[PDB]
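Trainee: Take this structure, written in structure tokens, and hold onto it; I'll ask about it next.
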Amino acid sequence: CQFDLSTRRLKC
Amino acid sequence: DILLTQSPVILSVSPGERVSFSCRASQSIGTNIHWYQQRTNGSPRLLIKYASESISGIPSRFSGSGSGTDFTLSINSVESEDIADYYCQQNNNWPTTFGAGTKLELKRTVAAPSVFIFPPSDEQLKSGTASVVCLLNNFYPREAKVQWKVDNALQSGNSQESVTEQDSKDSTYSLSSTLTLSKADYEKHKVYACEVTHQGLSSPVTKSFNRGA
Amino acid sequence: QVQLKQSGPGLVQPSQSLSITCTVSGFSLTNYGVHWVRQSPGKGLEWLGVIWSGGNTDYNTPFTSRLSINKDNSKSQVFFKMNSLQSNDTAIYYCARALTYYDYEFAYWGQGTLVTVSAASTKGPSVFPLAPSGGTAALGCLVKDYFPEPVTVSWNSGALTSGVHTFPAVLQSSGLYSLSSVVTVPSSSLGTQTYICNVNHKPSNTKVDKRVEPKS
Ligand SMILES: *[C@@H]1O[C@H](CO)[C@@H](O)[C@H](O)[C@H]1NC(C)=O
């Protein structure tokens, strides 16, 4: 997926 | 460098169930693997070190096994606070390297969103921009549709959505849909509606307001 | 208790340098090494290097050229500096400490420093009220038009946390970020309690307290 800088969470 | 492959990419489980995360190494790394938890907006939290050794302050439902190339992180009874990403780390070989993580999602019962609409403030109107915000609060599952209408005209391309990650307590999501228009456009129209569609609603729910009322 | 606190989040011009201070307490830099790790969209978790108790440094292979770590034991500070940032150097940078002085099992982390590599200018946000109007009222703040991420929002100086949702920031076409933060409260408490969102955008030193009231 993506690693999202805003949330520090995997965003799939 | 050692390559660490974590599977699956997403795990979805119900509270109280057991759950396992796989970390696989490109060559044998003995038991030199560490595990981390990352919560929303968090720094990593060390859960298990050296494949199986416990860490102070980490709840006992966390445990790990494995040796060689195939490793397992286990939670014997999942709680809502476990909603997070999980990463493994090897340090048998320099440099220490991390896997790419597994996302832990929690299943729960359907909850219909509570819907709220917010007109633009008069403060913002002074800047010549108008933001109309629509809030869908505490729902499950994550899928939802927001449809904007201004004076019965379907709005398209002028809205953006943001969805929170799962709540650590009730496992719900919340969503904000922001409709952005120029002050000029905003003043030329009267009825602003956002229509919300969700599995837990038997009909779509509309919240609306008339400008200056 | 062991803590590591990093300097504030910020913007770095492309081809320019990144400096972060890690200030530690609860232990001495003469006894433990301090590691640096980043988390990028391109490469996830990536170990950068370490300054050991005795002042020696190791740097991960692709960083030997552009990375420098130093420290001041007395002041309990670790100094991280990386040259020549490109766009894909945008990441969260963390300092970290292991359980045992020589090891790499990271039990203690800094809070992370979000670093944006961009040519754009810093810009503080405007804060607008989301005014309230079955006994539960919703209210909030629209935090609009800032760069770069992040912004912090809390409610009533930390006192109000229950029922707070602070949405992930979204990037508008203008290249500026926007965000809302909401909270649900008893409608009977709107004539009694004050509701304030405390907004802090560190990269622009913009701090705003926005009182949010029912519209008249
Ligand atoms: C950034 O760009 C360089 C040059 O293409 C590449 O070698 C490096 O791996 C990239 N780093 C990332 C994605 O963090």
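Note on naming: chains are A, B, ... as they come in the structure tokens, residues start from 1 per chain, ligands start from 1 in the order shown.
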Compute the set of protein, DNA and RNA residues whose minimum atom distance to ligand 1 is at most 7 Å, using only C-alpha atoms and all ligand atoms, and state it as a PyMOL selection string.

Mentor: chain C and resi 40+42-43+88-89

Trainee: Should the cut-off be 7 Å, what would the residue list for chain C against chain B look like, counting only C-alpha atoms, as a ChimeraX atom specification?

Mentor: /C:44-47,60,105-107,109,111-112,128-131,167-168,170

Trainee: Using N, CA, C and O atoms, can you write the selected residues to a file as a PDB file, in the first residue's frame?

Mentor:
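Done, and the output landed in out.pdb:
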ATOM      1  N   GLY C  44       9.610   3.071   3.863  1.00  0.00           N
ATOM      2  CA  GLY C  44       9.187   2.713   5.208  1.00  0.00           C
ATOM      3  C   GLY C  44      10.262   2.955   6.252  1.00  0.00           C
ATOM      4  O   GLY C  44      10.966   3.960   6.170  1.00  0.00           O
ATOM      5  N   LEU C  45      10.395   2.039   7.218  1.00  0.00           N
ATOM      6  CA  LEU C  45      11.389   2.180   8.293  1.00  0.00           C
ATOM      7  C   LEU C  45      12.805   1.852   7.815  1.00  0.00           C
ATOM      8  O   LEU C  45      13.078   0.801   7.216  1.00  0.00           O
ATOM      9  N   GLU C  46      13.702   2.783   8.085  1.00  0.00           N
ATOM     10  CA  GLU C  46      15.020   2.749   7.500  1.00  0.00           C
ATOM     11  C   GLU C  46      15.993   3.253   8.561  1.00  0.00           C
ATOM     12  O   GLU C  46      15.860   4.375   9.031  1.00  0.00           O
ATOM     13  N   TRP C  47      16.937   2.409   8.976  1.00  0.00           N
ATOM     14  CA  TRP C  47      17.908   2.805   9.994  1.00  0.00           C
ATOM     15  C   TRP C  47      18.992   3.677   9.358  1.00  0.00           C
ATOM     16  O   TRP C  47      19.553   3.314   8.327  1.00  0.00           O
ATOM     17  N   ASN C  60      24.471   4.079   7.957  1.00  0.00           N
ATOM     18  CA  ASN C  60      23.992   3.106   6.963  1.00  0.00           C
ATOM     19  C   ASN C  60      24.567   3.466   5.596  1.00  0.00           C
ATOM     20  O   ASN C  60      24.726   4.648   5.277  1.00  0.00           O
ATOM     21  N   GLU C 105      17.720  -3.036  19.878  1.00  0.00           N
ATOM     22  CA  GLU C 105      16.320  -3.289  20.163  1.00  0.00           C
ATOM     23  C   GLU C 105      15.742  -2.015  20.778  1.00  0.00           C
ATOM     24  O   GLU C 105      15.958  -1.716  21.948  1.00  0.00           O
ATOM     25  N   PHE C 106      15.043  -1.249  19.938  1.00  0.00           N
ATOM     26  CA  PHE C 106      14.656   0.132  20.240  1.00  0.00           C
ATOM     27  C   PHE C 106      13.420   0.268  21.140  1.00  0.00           C
ATOM     28  O   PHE C 106      12.283   0.292  20.661  1.00  0.00           O
ATOM     29  N   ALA C 107      13.670   0.378  22.441  1.00  0.00           N
ATOM     30  CA  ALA C 107      12.621   0.448  23.451  1.00  0.00           C
ATOM     31  C   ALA C 107      12.152   1.873  23.655  1.00  0.00           C
ATOM     32  O   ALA C 107      11.052   2.101  24.144  1.00  0.00           O
ATOM     33  N   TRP C 109      11.733   5.765  21.915  1.00  0.00           N
ATOM     34  CA  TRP C 109      11.717   6.613  20.719  1.00  0.00           C
ATOM     35  C   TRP C 109      11.411   8.086  21.016  1.00  0.00           C
ATOM     36  O   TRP C 109      10.619   8.409  21.908  1.00  0.00           O
ATOM     37  N   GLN C 111       9.565  11.554  19.590  1.00  0.00           N
ATOM     38  CA  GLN C 111       8.178  11.657  19.138  1.00  0.00           C
ATOM     39  C   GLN C 111       8.105  11.771  17.614  1.00  0.00           C
ATOM     40  O   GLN C 111       7.022  11.832  17.041  1.00  0.00           O
ATOM     41  N   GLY C 112       9.271  11.793  16.972  1.00  0.00           N
ATOM     42  CA  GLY C 112       9.356  11.924  15.532  1.00  0.00           C
ATOM     43  C   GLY C 112       9.334  13.375  15.080  1.00  0.00           C
ATOM     44  O   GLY C 112       8.695  14.213  15.708  1.00  0.00           O
ATOM     45  N   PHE C 128     -11.211  28.704  11.614  1.00  0.00           N
ATOM     46  CA  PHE C 128     -12.611  29.111  11.547  1.00  0.00           C
ATOM     47  C   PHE C 128     -13.515  28.184  12.364  1.00  0.00           C
ATOM     48  O   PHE C 128     -13.291  26.967  12.415  1.00  0.00           O
ATOM     49  N   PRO C 129     -14.561  28.751  12.991  1.00  0.00           N
ATOM     50  CA  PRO C 129     -15.388  27.913  13.854  1.00  0.00           C
ATOM     51  C   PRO C 129     -16.348  27.063  13.044  1.00  0.00           C
ATOM     52  O   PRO C 129     -16.857  27.511  12.013  1.00  0.00           O
ATOM     53  N   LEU C 130     -16.565  25.839  13.514  1.00  0.00           N
ATOM     54  CA  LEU C 130     -17.668  25.002  13.060  1.00  0.00           C
ATOM     55  C   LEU C 130     -18.705  25.056  14.173  1.00  0.00           C
ATOM     56  O   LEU C 130     -18.667  24.288  15.131  1.00  0.00           O
ATOM     57  N   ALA C 131     -19.611  26.010  14.058  1.00  0.00           N
ATOM     58  CA  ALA C 131     -20.514  26.326  15.149  1.00  0.00           C
ATOM     59  C   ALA C 131     -21.632  25.297  15.291  1.00  0.00           C
ATOM     60  O   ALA C 131     -22.233  24.898  14.296  1.00  0.00           O
ATOM     61  N   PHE C 167      -9.376  15.182  12.094  1.00  0.00           N
ATOM     62  CA  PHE C 167      -9.255  14.529  10.799  1.00  0.00           C
ATOM     63  C   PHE C 167      -7.857  14.629  10.204  1.00  0.00           C
ATOM     64  O   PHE C 167      -7.118  15.568  10.487  1.00  0.00           O
ATOM     65  N   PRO C 168      -7.467  13.610   9.431  1.00  0.00           N
ATOM     66  CA  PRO C 168      -6.229  13.704   8.665  1.00  0.00           C
ATOM     67  C   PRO C 168      -6.273  14.932   7.759  1.00  0.00           C
ATOM     68  O   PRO C 168      -7.319  15.232   7.175  1.00  0.00           O
ATOM     69  N   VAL C 170      -5.856  17.226   4.536  1.00  0.00           N
ATOM     70  CA  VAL C 170      -5.955  16.999   3.103  1.00  0.00           C
ATOM     71  C   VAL C 170      -5.275  18.125   2.343  1.00  0.00           C
ATOM     72  O   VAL C 170      -5.318  19.287   2.748  1.00  0.00           O
TER      73      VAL C 170
END

Trainee: Tell me which of B:60, B:14, B:40, B:31 sits closest to chain A, counting only C-alpha atoms.

Mentor: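 Answer, going by the shortest atom-to-atom distance: B:40.
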
Trainee: Write down as JSON, numbers by chain the residues belonging to segment 10-131 of chain C that are assigned strand (DSSP E or B) by DSSP computed on the backbone.

Mentor: {"C": [10, 11, 12, 18, 19, 20, 21, 22, 23, 24, 25, 34, 35, 36, 37, 38, 39, 40, 44, 45, 46, 47, 48, 49, 50, 51, 57, 58, 59, 67, 68, 69, 70, 71, 72, 77, 78, 79, 80, 81, 82, 91, 92, 93, 94, 95, 96, 97, 98, 106, 107, 108, 109, 113, 114, 115, 116, 117, 123, 126, 127, 128, 129, 130]}

Trainee: Mind running chain A against chain B at 7 Å and telling me each contacting residue's nearest atom pair with the distance in Å (one decimal), counting only C-alpha atoms, chain and number ascending, as CSV?

Mentor:
residue,atom,partner,partner_atom,distance
A:7,CA,B:41,CA,5.0
A:8,CA,B:41,CA,5.2
A:9,CA,B:40,CA,5.9
A:10,CA,B:103,CA,6.4

Trainee: Can you tell me, as a list in words, what residues are no more than 7 Å from residue 12 of chain B when counting only C-alpha atoms, ignoring any on the same chain fewer than 4 positions away?

Mentor: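 The residues satisfying every condition are residues 104, 105, 106 and 107 of chain B.
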
Trainee: Print the selection's residues with C-alpha atoms to a file, as a PDB file, in the first residue's frame.

Mentor:
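Saved file part_1.pdb follows:
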ATOM      1  CA  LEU B 104      -4.592  -4.767  11.980  1.00  0.00           C
ATOM      2  CA  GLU B 105      -8.265  -3.886  11.382  1.00  0.00           C
ATOM      3  CA  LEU B 106     -11.080  -4.728  13.813  1.00  0.00           C
ATOM      4  CA  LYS B 107     -14.491  -6.016  12.842  1.00  0.00           C
TER       5      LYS B 107
END

Trainee: Could I get the residues of chain C with an atom no further than 8 Å from an atom of chain A, each paired with its nearest atom pair and that distance in Å to one decimal, using only C-alpha atoms, sorted by chain and residue number, as CSV?

Mentor:
residue,atom,partner,partner_atom,distance
C:40,CA,A:3,CA,7.2
C:41,CA,A:3,CA,5.0
C:44,CA,A:3,CA,6.8
C:91,CA,A:5,CA,6.9
C:92,CA,A:5,CA,7.1
C:114,CA,A:5,CA,7.6
C:149,CA,A:6,CA,7.4
C:150,CA,A:6,CA,7.3
C:168,CA,A:6,CA,6.4
C:169,CA,A:6,CA,6.8

Trainee: Could those residues be written to a file, using N, CA, C and O atoms, as a short mmCIF file (atom, residue, chain, number, x, y, z; two decimals), in the first residue's frame?

Mentor:
data_model
loop_
_atom_site.label_atom_id
_atom_site.label_comp_id
_atom_site.auth_asym_id
_atom_site.auth_seq_id
_atom_site.Cartn_x
_atom_site.Cartn_y
_atom_site.Cartn_z
N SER C 40 9.78 6.82 5.62
CA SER C 40 9.38 7.52 4.39
C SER C 40 8.33 6.76 3.58
O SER C 40 8.21 5.54 3.70
N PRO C 41 7.55 7.48 2.76
CA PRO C 41 6.63 6.81 1.84
C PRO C 41 7.35 5.85 0.88
O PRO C 41 6.82 4.80 0.52
N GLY C 44 9.61 3.07 3.86
CA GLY C 44 9.19 2.71 5.21
C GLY C 44 10.26 2.95 6.25
O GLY C 44 10.97 3.96 6.17
N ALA C 91 10.13 12.69 5.17
CA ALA C 91 9.92 11.54 6.05
C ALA C 91 9.76 12.00 7.49
O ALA C 91 9.99 13.17 7.83
N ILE C 92 9.36 11.06 8.34
CA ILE C 92 9.44 11.28 9.77
C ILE C 92 10.80 10.79 10.23
O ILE C 92 11.19 9.66 9.96
N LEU C 114 8.47 15.36 11.55
CA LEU C 114 8.04 15.36 10.15
C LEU C 114 8.80 16.41 9.34
O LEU C 114 8.75 17.61 9.63
N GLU C 149 2.72 20.36 6.67
CA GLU C 149 2.24 19.59 7.82
C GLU C 149 3.36 19.64 8.86
O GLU C 149 4.51 19.88 8.51
N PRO C 150 3.03 19.42 10.15
CA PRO C 150 1.71 19.14 10.70
C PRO C 150 1.19 20.34 11.49
O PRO C 150 1.86 21.35 11.67
N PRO C 168 -7.47 13.61 9.43
CA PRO C 168 -6.23 13.70 8.67
C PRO C 168 -6.27 14.93 7.76
O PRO C 168 -7.32 15.23 7.17
N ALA C 169 -5.16 15.64 7.66
CA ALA C 169 -5.08 16.80 6.78
C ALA C 169 -5.21 16.38 5.33
O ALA C 169 -4.73 15.31 4.93
#

Trainee: Of the candidates C:76, C:113, C:64, C:86, which shows the shortest atom-to-atom distance to residue 37 of chain C, using only C-alpha atoms?

Mentor: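 Once distances to residue 37 of chain C are computed over only C-alpha atoms, the minimum belongs to C:113.
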
Trainee: Got a sec: who's within 7 Å of residue 96 of chain C, counting only C-alpha atoms, leaving out chain neighbours fewer than 5 positions off, as a PDB file with C-alpha atoms, in the first residue's frame?

Mentor:
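Here's the written file out-v5.pdb:
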ATOM      1  CA  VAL C  34      21.521   7.081  20.235  1.00  0.00           C
ATOM      2  CA  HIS C  35      20.233   5.835  16.889  1.00  0.00           C
ATOM      3  CA  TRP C  36      18.503   7.593  14.027  1.00  0.00           C
ATOM      4  CA  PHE C 106      14.656   0.132  20.240  1.00  0.00           C
ATOM      5  CA  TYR C 108      12.677   4.234  23.534  1.00  0.00           C
ATOM      6  CA  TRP C 109      11.717   6.613  20.719  1.00  0.00           C
ATOM      7  CA  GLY C 110      11.592  10.353  20.167  1.00  0.00           C
TER       8      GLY C 110
END

Trainee: Taking 6 positions as the minimum chain separation for residues in the same chain, which residues sit within 7 Å of residue 209 of chain B when counting only C-alpha atoms? Answer as a list in words.

Mentor: residues 191, 192 and 193 of chain B

Trainee: Let's have the selection written as a PDB file, in the first residue's frame, with N, CA, C and O atoms.

Mentor:
ATOM      1  N   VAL B 191     -30.145  26.696  -0.738  1.00  0.00           N
ATOM      2  CA  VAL B 191     -30.234  25.424  -0.017  1.00  0.00           C
ATOM      3  C   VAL B 191     -29.004  24.551  -0.203  1.00  0.00           C
ATOM      4  O   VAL B 191     -28.675  24.144  -1.320  1.00  0.00           O
ATOM      5  N   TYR B 192     -28.345  24.249   0.906  1.00  0.00           N
ATOM      6  CA  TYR B 192     -27.135  23.433   0.906  1.00  0.00           C
ATOM      7  C   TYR B 192     -27.405  22.124   1.621  1.00  0.00           C
ATOM      8  O   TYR B 192     -27.725  22.122   2.801  1.00  0.00           O
ATOM      9  N   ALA B 193     -27.308  21.011   0.896  1.00  0.00           N
ATOM     10  CA  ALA B 193     -27.614  19.696   1.471  1.00  0.00           C
ATOM     11  C   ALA B 193     -26.498  18.693   1.258  1.00  0.00           C
ATOM     12  O   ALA B 193     -25.915  18.603   0.184  1.00  0.00           O
TER      13      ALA B 193
END

Trainee: Just want the 12 Å neighbourhood of residue 189 of chain C, counted on only C-alpha atoms, with same-chain residues fewer than 6 positions away dropped. Output as a ChimeraX atom specification.

Mentor: /C:132,135-138,195,213-214

Trainee: Provide the atom CA of residue 80 of chain B to atom CA of residue 3 of chain C distance in Å, to one decimal place.

Mentor: 26.8 Å
